[PDB]
There are 4 protein chains.
Amino acid sequence: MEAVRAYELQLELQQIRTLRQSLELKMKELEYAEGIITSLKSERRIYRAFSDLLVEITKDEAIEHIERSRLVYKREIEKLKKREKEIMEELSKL
Amino acid sequence: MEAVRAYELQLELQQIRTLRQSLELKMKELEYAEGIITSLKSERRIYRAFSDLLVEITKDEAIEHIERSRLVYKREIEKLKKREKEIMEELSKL
Amino acid sequence: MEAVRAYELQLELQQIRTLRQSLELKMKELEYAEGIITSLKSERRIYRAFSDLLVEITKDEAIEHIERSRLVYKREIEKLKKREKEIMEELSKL
Amino acid sequence: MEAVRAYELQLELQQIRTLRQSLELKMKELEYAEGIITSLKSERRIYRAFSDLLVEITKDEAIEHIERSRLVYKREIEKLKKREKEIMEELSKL
Ligand SMILES: [Cl-]
């Protein structure tokens with residue numbers, strides 16, 4: 001019945017939204033970090049986490065990481081939002 | 001049957017409690033950190049985590065973060081506890 | 001039927017084991033850290049994590065934290081292992 | 001029916017794949033860290049995470065940890081991939 005087709009579209013939508021929201025959080029945290037790293041205070045040490053190690057990196061390396069990561073996240077988020085878009089439309093047609 | 005209505009209220013209550021407890025933990029960890037940061041020892045470096053980066057911050061920045069975060073958590077916790085309150089009352093009326 | 005009573009005891013046992021194993025992991029990680037902190041190398045900075053902040057602590061503070069945490073974990077682990085013990089015995093009697 | 005036997009093989013395969021992928025991620029993160037640690041920049045502080053403590057370690061200690069961890073992960077990954085191999089073959093024979 002339509003109720004079942006809708007529930008399954010809703011289940012898919014929730015899973016996509018959950019993945020998408022996790023990526024936006026990480027993306028926003030890195031943008032916040034970029035604002036601090038590029039602020040006026042002269043010295044701020046920065047570390048990058050790799051599994052269970054924290055390795056010191058430079059301001060330039062940190063900015064590079066933030067910019068590349070944002071690109072990967074923006075792309076993944078755009079793709080997921082377009083899938084959410086399609087599903088919301090199907091749900092609307094029902 | 002009442003058993004089913006109760007089970008569904010119980011399911012909702014557990015999910016709210018789980019979210020609430022996660023927030024109280026983070027809130028209490030930051031209050032503990034504040035006590036240390038404002039203690040007598042002269043020098044303690046502090047870092048703030050943003051996704052996979054750790055960025056050095058000052059004592060004043062750390063205290064600001066702790067106070068703002070506590071406000072956000074206290075508010076979210078109060079709202080969830082009020083929802084738990086309502087549900088516990090419904091469960092009692094049944 | 002006995003199969004159902006056994007499945008439910010098995011479900012409970014798995015959940016207890018999962019909680020217990022998580023605590024033993026954290027406990028063992030802190031014991032490993034203690035071995036390093038008390039080793040010969042003269043200077044090793046140490047930080048303690050509180051939610052999203054890392055705060056510098058001394059060797060003595062780190063050892064204190066490790067010892068107290070081990071006590072809390074050992075106690076929680078002993079209590080869970082005794083519950084696992086009871087269940088395994090019930091499963092055996094069936 | 002074959003559909004049910006296949007679903008159960010698929011369920012097992014997904015769980016194995018999920019464990020395997022988690023290990024490959026950690027393994028790749030440590031290999032990335034090794035590349036940075038052994039790069040030209042003269043001074044980079046390194047910390048290792050043990051539960052809620054971060055303890056400073058040397059470049060040599062970090063490399064040792066990365067190499068041992070890779071061995072443990074490579075072995076666990078090879079064993080899981082061989083189990084995935086078997087299941088994919090069963091699924092093919094059905
Ligand atoms: Cl440092």
Side-chain angles (χ1 to χ4, degrees), chain A residues 1-22 25 84 87-88 91 94, chain B residues 1-31 69-94, chain C residues 1-26 51 72-73 75-91 93-94, chain D residues 7-8 11-12 14-15 18:
Chain A
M1 60 181 89
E2 285 195 303
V4 169
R5 202 279 181 288
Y7 175 77
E8 298 186 5
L9 285 166
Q10 293 168 338
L11 221 214
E12 189 184 353
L13 175 68
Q14 173 268 120
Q15 298 183 342
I16 293 166
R17 280 171 60 84
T18 288
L19 254 26
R20 191 257 299 159
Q21 290 163 342
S22 172
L25 171 64
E84 295 175 39
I87 296 167
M88 292 183 281
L91 283 170
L94 286 169
Chain B
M1 60 181 89
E2 285 195 303
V4 169
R5 202 279 181 288
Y7 175 77
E8 298 186 5
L9 285 166
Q10 293 168 338
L11 221 214
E12 189 184 353
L13 175 68
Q14 173 268 120
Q15 298 183 342
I16 293 166
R17 280 171 60 84
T18 288
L19 254 26
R20 191 257 299 159
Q21 290 163 342
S22 172
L23 300 178
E24 295 183 314
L25 171 64
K26 292 180 188 79
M27 185 179 78
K28 291 168 182 175
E29 290 169 336
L30 295 170
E31 302 174 325
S69 289
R70 278 174 50 190
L71 194 45
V72 168
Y73 295 138
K74 270 189 51 169
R75 183 174 304 296
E76 291 171 337
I77 290 162
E78 278 170 4
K79 286 183 188 173
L80 293 165
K81 286 183 79 170
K82 139 281 283 183
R83 279 180 67 197
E84 295 175 39
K85 176 72 152 53
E86 298 165 351
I87 296 167
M88 292 183 281
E89 302 181 324
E90 286 186 60
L91 283 170
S92 214
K93 296 171 183 174
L94 286 169
Chain C
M1 60 181 89
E2 285 195 303
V4 169
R5 202 279 181 288
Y7 175 77
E8 298 186 5
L9 285 166
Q10 293 168 338
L11 221 214
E12 189 184 353
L13 175 68
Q14 173 268 120
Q15 298 183 342
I16 293 166
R17 280 171 60 84
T18 288
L19 254 26
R20 191 257 299 159
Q21 290 163 342
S22 172
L23 300 178
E24 295 183 314
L25 171 64
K26 292 180 188 79
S51 186
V72 168
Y73 295 138
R75 183 174 304 296
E76 291 171 337
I77 290 162
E78 278 170 4
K79 286 183 188 173
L80 293 165
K81 286 183 79 170
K82 139 281 283 183
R83 279 180 67 197
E84 295 175 39
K85 176 72 152 53
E86 298 165 351
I87 296 167
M88 292 183 281
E89 302 181 324
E90 286 186 60
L91 283 170
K93 296 171 183 174
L94 286 169
Chain D
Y7 175 77
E8 298 186 5
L11 221 214
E12 189 184 353
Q14 173 268 120
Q15 298 183 342
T18 288

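The basis for the numbers below is simple: all heavy atoms, side chains too, and nothing from hydrogens, waters or symmetry mates. Protein chains get the first letters and strands the later ones, always in sequence-line order, with residue 1 at the start of each.
Under a cut-off of 6.0 angstrom, the local environment of CZ in B/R70 is crowded, with over 12 non-hydrogen atoms contributed by other residues, nucleotides or ligands.
When all heavy atoms of C/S51 and B/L30 are compared, the pair lying nearest together is CB-CD2, 3.8 Å.
Partners of B/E89 by salt bridge (charged side-chain N to carboxylate O under 4.0 Å, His left out), not counting sequence neighbours, listed by chain and number: B/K85. Residues satisfying the side chain to side chain contact (heavy atoms under 4.5 Å, CB included) criterion with B/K74, sequence neighbours excluded, are B/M27, B/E78. Judged as a side chain to side chain contact (heavy atoms under 4.5 Å, CB included), and not counting sequence neighbours, the contacts of A/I87 are A/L9, A/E12, A/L13, A/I16, A/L91.
Once rounded to the nearest 0.5 Å, the distance linking CD of B/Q15 with CD of B/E84 reads 12.0 Å. How far CG of A/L94 is from CD of A/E2: 5.0 Å, rounded to the nearest 0.5 Å. In this structure, the separation between CD on C/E8 and CD on C/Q10 is 10.5 Å, given to the nearest 0.5 Å.
C/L23 places none of its side-chain heavy atoms less than 4.5 Å from the side chain of C/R20.
One N or O on the side chain of D/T18 and one on the backbone of D/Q14 form a donor-acceptor pair closer than 3.5 Å.
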Could you walk me through whether B/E86 and B/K82 pass the salt bridge (charged side-chain N to carboxylate O under 4.0 Å, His left out) check?
CA-CA 6 Å; B/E86 298 165 351; B/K82 139 281 283 183; 5.6 Å; no
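Shown are B/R75, B/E76, B/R83; of these, the side chain to side chain contact (heavy atoms under 4.5 Å, CB included) with B/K79 is made only by B/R75.
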